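Taking the form deposited without adenosine-5'-diphosphate, here's one chain by itself in structure tokens.
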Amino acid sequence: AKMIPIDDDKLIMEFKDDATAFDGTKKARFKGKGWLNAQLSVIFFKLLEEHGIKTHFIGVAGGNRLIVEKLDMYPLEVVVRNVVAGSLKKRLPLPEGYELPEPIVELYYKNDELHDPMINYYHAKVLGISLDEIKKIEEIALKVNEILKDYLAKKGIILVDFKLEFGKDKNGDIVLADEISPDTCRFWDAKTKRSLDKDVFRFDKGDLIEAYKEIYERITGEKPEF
């Protein structure tokens, strides 16, 4: 769905029209999805930067391309969950739609060989990530959560869960990386509880592009120009 090096300080992140699911056993191509996800990442990164979150966003380079800061990437995917959906149904005997009493943070080791298994703080330590780093990472993820869920709730969108990735900059500061989009979040309409995210593609729920268009219109206030 997405890195083209420039130099020491920066690289290009390009969003593609490809989508994969289920460990890459399901593939399809959606015209315009690159564009939507690039635009929506920019909007989210900017909102978070205003709230004092250090992100890798530097600028736009036209098309579906962002200029981003180069980082020593942690091999983690950091998942924040507000509402029970997806893999959480297999870890806790709770139904889809269940509202958690407080946010859940899950750590996944980015490892294709092992299919991205969940880890805790001890596994992370063996992977070279101190407890203090983990604490800072979860603290940021949790703050990101509050900002994004408030912003979206005030637009008729429930932030069900989402995935973040992080890296360290040259000062040793922890920096939010990768993307933030309907590909990497669960977004539900506040009224109907309908999916406006990758679950439309994952579980064949309708038209992916239309659901992404609705999110873009309902966030930005104007329909997608492309």
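Residue indices: 1-based, along the sequence shown.
Just so you know, the form solved in complex with adenosine-5'-diphosphate exists too; it's not on screen, but the next bit is about it.
Against adenosine-5'-diphosphate in the deposited bound form, the set 2, 68 and 73 is in full contact: each member has a heavy atom within 4.5 Å.
At the 4.5 Å threshold, heavy atoms of residue 177 reach adenosine-5'-diphosphate in the deposited bound form. Taking the partner from elsewhere, residue 211 is found to have every heavy atom lying beyond 4.5 Å of adenosine-5'-diphosphate in the deposited bound form. Taking the partner from elsewhere, residue 135 is found to have every heavy atom lying beyond 4.5 Å of adenosine-5'-diphosphate in the deposited bound form. For the chain shown alone, residue 110 is a contact residue for adenosine-5'-diphosphate in the deposited bound form, at least one non-hydrogen atom being within 4.5 angstroms. Although adenosine-5'-diphosphate is not shown here, in the deposited bound form the stretch 45-59 places heavy atoms of just one residue, 56, within 4.5 Å of it.
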